[PDB]
$ cat my_file.pdb   # PDB, C-alpha atoms
ATOM      1  CA  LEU A 125       1.394 -12.497   4.660  1.00  0.00           C
ATOM      2  CA  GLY A 126      -2.374 -13.062   4.732  1.00  0.00           C
ATOM      3  CA  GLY A 127      -2.456 -11.283   1.341  1.00  0.00           C
ATOM      4  CA  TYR A 128      -0.738  -7.873   1.402  1.00  0.00           C
ATOM      5  CA  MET A 129       0.064  -6.400  -2.048  1.00  0.00           C
ATOM      6  CA  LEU A 130       3.267  -6.348  -4.049  1.00  0.00           C
ATOM      7  CA  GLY A 131       3.568  -2.822  -5.530  1.00  0.00           C
ATOM      8  CA  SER A 132       6.103  -3.278  -8.353  1.00  0.00           C
ATOM      9  CA  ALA A 133       9.842  -2.995  -8.899  1.00  0.00           C
ATOM     10  CA  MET A 134      11.016   0.589  -8.430  1.00  0.00           C
ATOM     11  CA  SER A 135      13.866   2.165 -10.436  1.00  0.00           C
ATOM     12  CA  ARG A 136      16.505   0.998  -7.856  1.00  0.00           C
ATOM     13  CA  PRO A 137      17.074   4.160  -5.781  1.00  0.00           C
ATOM     14  CA  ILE A 138      20.592   4.757  -4.454  1.00  0.00           C
ATOM     15  CA  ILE A 139      21.740   6.067  -1.070  1.00  0.00           C
ATOM     16  CA  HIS A 140      24.930   8.041  -0.541  1.00  0.00           C
ATOM     17  CA  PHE A 141      25.735   6.809   2.974  1.00  0.00           C
ATOM     18  CA  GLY A 142      28.835   9.066   2.961  1.00  0.00           C
ATOM     19  CA  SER A 143      31.714   6.850   1.749  1.00  0.00           C
ATOM     20  CA  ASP A 144      32.790   6.093  -1.848  1.00  0.00           C
ATOM     21  CA  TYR A 145      33.435   2.605  -0.384  1.00  0.00           C
ATOM     22  CA  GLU A 146      29.788   2.315   0.772  1.00  0.00           C
ATOM     23  CA  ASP A 147      28.758   3.618  -2.689  1.00  0.00           C
ATOM     24  CA  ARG A 148      30.391   0.596  -4.421  1.00  0.00           C
ATOM     25  CA  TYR A 149      29.125  -1.572  -1.516  1.00  0.00           C
ATOM     26  CA  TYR A 150      25.453  -0.965  -2.381  1.00  0.00           C
ATOM     27  CA  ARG A 151      26.084  -0.566  -6.158  1.00  0.00           C
ATOM     28  CA  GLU A 152      27.584  -4.081  -6.471  1.00  0.00           C
ATOM     29  CA  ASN A 153      25.145  -5.820  -4.041  1.00  0.00           C
ATOM     30  CA  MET A 154      22.060  -4.009  -5.462  1.00  0.00           C
ATOM     31  CA  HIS A 155      21.550  -6.982  -7.851  1.00  0.00           C
ATOM     32  CA  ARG A 156      21.211  -9.487  -4.928  1.00  0.00           C
ATOM     33  CA  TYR A 157      19.118  -6.975  -2.867  1.00  0.00           C
ATOM     34  CA  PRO A 158      15.329  -6.309  -3.197  1.00  0.00           C
ATOM     35  CA  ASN A 159      13.972  -3.946  -5.891  1.00  0.00           C
ATOM     36  CA  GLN A 160      10.229  -4.364  -5.072  1.00  0.00           C
ATOM     37  CA  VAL A 161       8.454  -3.781  -1.714  1.00  0.00           C
ATOM     38  CA  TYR A 162       5.302  -5.170   0.019  1.00  0.00           C
ATOM     39  CA  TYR A 163       2.488  -3.123   1.664  1.00  0.00           C
ATOM     40  CA  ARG A 164      -1.211  -3.581   2.456  1.00  0.00           C
ATOM     41  CA  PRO A 165      -3.577  -1.542   0.270  1.00  0.00           C
ATOM     42  CA  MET A 166      -4.610   1.773   1.937  1.00  0.00           C
ATOM     43  CA  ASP A 167      -7.730  -0.045   3.360  1.00  0.00           C
ATOM     44  CA  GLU A 168      -7.184   0.206   7.155  1.00  0.00           C
ATOM     45  CA  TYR A 169      -4.089   2.276   7.956  1.00  0.00           C
ATOM     46  CA  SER A 170      -2.610   4.982   5.743  1.00  0.00           C
ATOM     47  CA  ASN A 171      -0.011   6.763   7.911  1.00  0.00           C
ATOM     48  CA  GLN A 172       3.059   8.664   6.557  1.00  0.00           C
ATOM     49  CA  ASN A 173       5.594   6.896   8.861  1.00  0.00           C
ATOM     50  CA  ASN A 174       3.630   3.858  10.057  1.00  0.00           C
ATOM     51  CA  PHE A 175       2.617   2.491   6.620  1.00  0.00           C
ATOM     52  CA  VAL A 176       6.345   2.961   5.782  1.00  0.00           C
ATOM     53  CA  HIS A 177       7.992   1.333   8.820  1.00  0.00           C
ATOM     54  CA  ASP A 178       5.667  -1.729   8.620  1.00  0.00           C
ATOM     55  CA  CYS A 179       6.141  -2.259   4.829  1.00  0.00           C
ATOM     56  CA  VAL A 180       9.907  -1.732   5.123  1.00  0.00           C
ATOM     57  CA  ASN A 181      10.072  -4.350   7.884  1.00  0.00           C
ATOM     58  CA  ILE A 182       7.717  -6.719   6.002  1.00  0.00           C
ATOM     59  CA  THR A 183       9.832  -6.430   2.849  1.00  0.00           C
ATOM     60  CA  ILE A 184      13.294  -6.890   4.426  1.00  0.00           C
ATOM     61  CA  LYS A 185      12.036  -9.449   6.997  1.00  0.00           C
ATOM     62  CA  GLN A 186      10.446 -11.492   4.206  1.00  0.00           C
ATOM     63  CA  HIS A 187      13.757 -11.049   2.250  1.00  0.00           C
ATOM     64  CA  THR A 188      15.555 -12.380   5.372  1.00  0.00           C
ATOM     65  CA  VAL A 189      13.313 -15.504   5.557  1.00  0.00           C
ATOM     66  CA  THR A 190      13.477 -16.015   1.731  1.00  0.00           C
ATOM     67  CA  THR A 191      17.307 -16.047   2.051  1.00  0.00           C
ATOM     68  CA  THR A 192      17.556 -18.215   5.210  1.00  0.00           C
ATOM     69  CA  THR A 193      15.932 -20.673   2.717  1.00  0.00           C
ATOM     70  CA  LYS A 194      19.311 -20.579   0.751  1.00  0.00           C
ATOM     71  CA  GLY A 195      21.412 -20.728   3.956  1.00  0.00           C
ATOM     72  CA  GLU A 196      22.024 -16.950   3.833  1.00  0.00           C
ATOM     73  CA  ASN A 197      22.130 -14.765   6.970  1.00  0.00           C
ATOM     74  CA  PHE A 198      22.232 -10.951   6.500  1.00  0.00           C
ATOM     75  CA  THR A 199      23.894  -8.445   8.878  1.00  0.00           C
ATOM     76  CA  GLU A 200      22.867  -5.065  10.400  1.00  0.00           C
ATOM     77  CA  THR A 201      24.821  -2.898   7.882  1.00  0.00           C
ATOM     78  CA  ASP A 202      23.296  -4.779   4.901  1.00  0.00           C
ATOM     79  CA  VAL A 203      19.843  -4.410   6.507  1.00  0.00           C
ATOM     80  CA  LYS A 204      20.330  -0.651   7.250  1.00  0.00           C
ATOM     81  CA  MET A 205      21.434  -0.270   3.600  1.00  0.00           C
ATOM     82  CA  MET A 206      18.218  -2.091   2.565  1.00  0.00           C
ATOM     83  CA  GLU A 207      16.041  -0.003   4.978  1.00  0.00           C
ATOM     84  CA  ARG A 208      17.077   3.361   3.417  1.00  0.00           C
ATOM     85  CA  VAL A 209      16.221   1.972  -0.042  1.00  0.00           C
ATOM     86  CA  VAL A 210      13.029   0.041   0.855  1.00  0.00           C
ATOM     87  CA  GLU A 211      11.873   3.201   2.757  1.00  0.00           C
ATOM     88  CA  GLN A 212      12.410   5.361  -0.361  1.00  0.00           C
ATOM     89  CA  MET A 213      10.581   2.665  -2.378  1.00  0.00           C
ATOM     90  CA  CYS A 214       7.442   2.354  -0.172  1.00  0.00           C
ATOM     91  CA  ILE A 215       7.287   6.199  -0.023  1.00  0.00           C
ATOM     92  CA  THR A 216       7.229   6.181  -3.872  1.00  0.00           C
ATOM     93  CA  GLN A 217       4.244   3.758  -3.827  1.00  0.00           C
ATOM     94  CA  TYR A 218       2.610   6.026  -1.172  1.00  0.00           C
ATOM     95  CA  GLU A 219       2.911   8.830  -3.746  1.00  0.00           C
ATOM     96  CA  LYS A 220       2.019   7.214  -7.114  1.00  0.00           C
ATOM     97  CA  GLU A 221      -1.099   5.333  -5.831  1.00  0.00           C
ATOM     98  CA  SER A 222      -2.001   7.561  -2.834  1.00  0.00           C
ATOM     99  CA  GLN A 223      -2.061  10.710  -5.067  1.00  0.00           C
ATOM    100  CA  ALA A 224      -4.876   9.044  -7.094  1.00  0.00           C
ATOM    101  CA  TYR A 225      -6.513   7.907  -3.784  1.00  0.00           C
ATOM    102  CA  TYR A 226      -6.417  11.619  -2.728  1.00  0.00           C
ATOM    103  CA  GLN A 227      -8.204  12.860  -5.863  1.00  0.00           C
ATOM    104  CA  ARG A 228     -11.639  13.398  -4.286  1.00  0.00           C
TER
END

$ encode --input "my_file.pdb" --output "structure tokens"
Amino acid sequence: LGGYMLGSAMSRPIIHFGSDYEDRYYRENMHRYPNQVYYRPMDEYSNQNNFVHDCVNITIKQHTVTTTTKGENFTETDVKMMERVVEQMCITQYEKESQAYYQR
């Protein structure tokens, strides 16, 4: 992270993976999980999928390293749960700021 930008905390979106089990699964763990995401400003690349898939990785990958620092090691299902959320979150930032950026 040579700088990037922290957007803010979002409103904690929720993903209905398709099990009432997996509904509790996220709902309980959503406190330990991220609620903010990390992007560059729109100054270089501003690409509907690409700005997403890089921020989502940067957020969850940083979250990974920040938790290896407490001896914690996440798993694919936890990370796929995070991805759906962190994707919805960076898309929200790429509306609320980008809409003002596209007011010209």

$ resolve_selection --input "my_file.pdb" --expression "the PyMOL selection byres ((chain A and resi 206-216) around 9)" --output "ChimeraX atom specification"
/A:131,133-139,150,157-163,172,175-177,179-181,183-184,201-205,217-221

$ atom_distance --input "my_file.pdb" --atom1 "CA of residue 195 in chain A" --atom2 "CA of residue 155 in chain A"
18.1 Å

$ closest_residue --input "my_file.pdb" --among "A:140, A:153, A:129, A:182" --to "residue 165 in chain A" --atoms "all atoms listed in the file"
A:129

$ atom_distance --input "my_file.pdb" --atom1 "CA of residue 130 in chain A" --atom2 "CA of residue 149 in chain A"
26.4 Å

$ atom_distance --input "my_file.pdb" --atom1 "CA of residue 191 in chain A" --atom2 "CA of residue 156 in chain A"
10.3 Å

$ closest_residue --input "my_file.pdb" --among "A:223, A:190, A:164, A:142" --to "residue 126 in chain A" --atoms "only C-alpha atoms"
A:164

$ axis_aligned_box --input "my_file.pdb" --around "range 126-142 of chain A" --padding-each-side "6 Å" --output "lines of an AutoDock Vina configuration file"
center_x = 13.2
center_y = -2.0
center_z = -2.9
size_x = 43.3
size_y = 34.1
size_z = 27.2

$ decode --input "my_file.pdb" --residues "range 163-175 of chain A" --atoms "N, CA and C atoms" --output "PDB file, in the first residue's frame"
ATOM      1  N   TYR A 163      -9.314   1.180  -1.964  1.00  0.00           N
ATOM      2  CA  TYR A 163      -9.192   1.403  -3.404  1.00  0.00           C
ATOM      3  C   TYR A 163      -8.100   2.443  -3.662  1.00  0.00           C
ATOM      4  N   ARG A 164      -7.637   2.630  -4.902  1.00  0.00           N
ATOM      5  CA  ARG A 164      -6.966   3.890  -5.242  1.00  0.00           C
ATOM      6  C   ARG A 164      -8.063   4.917  -5.510  1.00  0.00           C
ATOM      7  N   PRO A 165      -7.791   6.231  -5.446  1.00  0.00           N
ATOM      8  CA  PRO A 165      -8.648   7.198  -6.115  1.00  0.00           C
ATOM      9  C   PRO A 165      -8.752   6.872  -7.611  1.00  0.00           C
ATOM     10  N   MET A 166      -9.729   7.465  -8.296  1.00  0.00           N
ATOM     11  CA  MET A 166     -10.026   7.228  -9.712  1.00  0.00           C
ATOM     12  C   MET A 166      -8.897   7.695 -10.659  1.00  0.00           C
ATOM     13  N   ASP A 167      -7.826   8.291 -10.133  1.00  0.00           N
ATOM     14  CA  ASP A 167      -6.671   8.802 -10.864  1.00  0.00           C
ATOM     15  C   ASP A 167      -5.728   7.658 -11.252  1.00  0.00           C
ATOM     16  N   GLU A 168      -6.063   7.009 -12.372  1.00  0.00           N
ATOM     17  CA  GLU A 168      -5.275   6.137 -13.255  1.00  0.00           C
ATOM     18  C   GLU A 168      -6.209   5.182 -13.984  1.00  0.00           C
ATOM     19  N   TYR A 169      -6.877   4.323 -13.220  1.00  0.00           N
ATOM     20  CA  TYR A 169      -7.757   3.286 -13.718  1.00  0.00           C
ATOM     21  C   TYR A 169      -9.100   3.429 -13.024  1.00  0.00           C
ATOM     22  N   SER A 170     -10.165   3.485 -13.815  1.00  0.00           N
ATOM     23  CA  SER A 170     -11.522   3.549 -13.318  1.00  0.00           C
ATOM     24  C   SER A 170     -12.357   2.673 -14.254  1.00  0.00           C
ATOM     25  N   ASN A 171     -12.471   1.392 -13.884  1.00  0.00           N
ATOM     26  CA  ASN A 171     -12.926   0.275 -14.709  1.00  0.00           C
ATOM     27  C   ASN A 171     -13.922  -0.551 -13.905  1.00  0.00           C
ATOM     28  N   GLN A 172     -15.162  -0.689 -14.383  1.00  0.00           N
ATOM     29  CA  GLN A 172     -16.294  -1.295 -13.675  1.00  0.00           C
ATOM     30  C   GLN A 172     -15.927  -2.592 -12.943  1.00  0.00           C
ATOM     31  N   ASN A 173     -15.250  -3.539 -13.606  1.00  0.00           N
ATOM     32  CA  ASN A 173     -14.835  -4.794 -12.974  1.00  0.00           C
ATOM     33  C   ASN A 173     -13.434  -4.691 -12.380  1.00  0.00           C
ATOM     34  N   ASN A 174     -12.523  -3.959 -13.027  1.00  0.00           N
ATOM     35  CA  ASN A 174     -11.100  -4.085 -12.717  1.00  0.00           C
ATOM     36  C   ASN A 174     -10.751  -3.316 -11.445  1.00  0.00           C
ATOM     37  N   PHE A 175     -11.347  -2.131 -11.277  1.00  0.00           N
ATOM     38  CA  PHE A 175     -11.264  -1.316 -10.068  1.00  0.00           C
ATOM     39  C   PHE A 175     -11.871  -2.099  -8.898  1.00  0.00           C
TER      40      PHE A 175
END
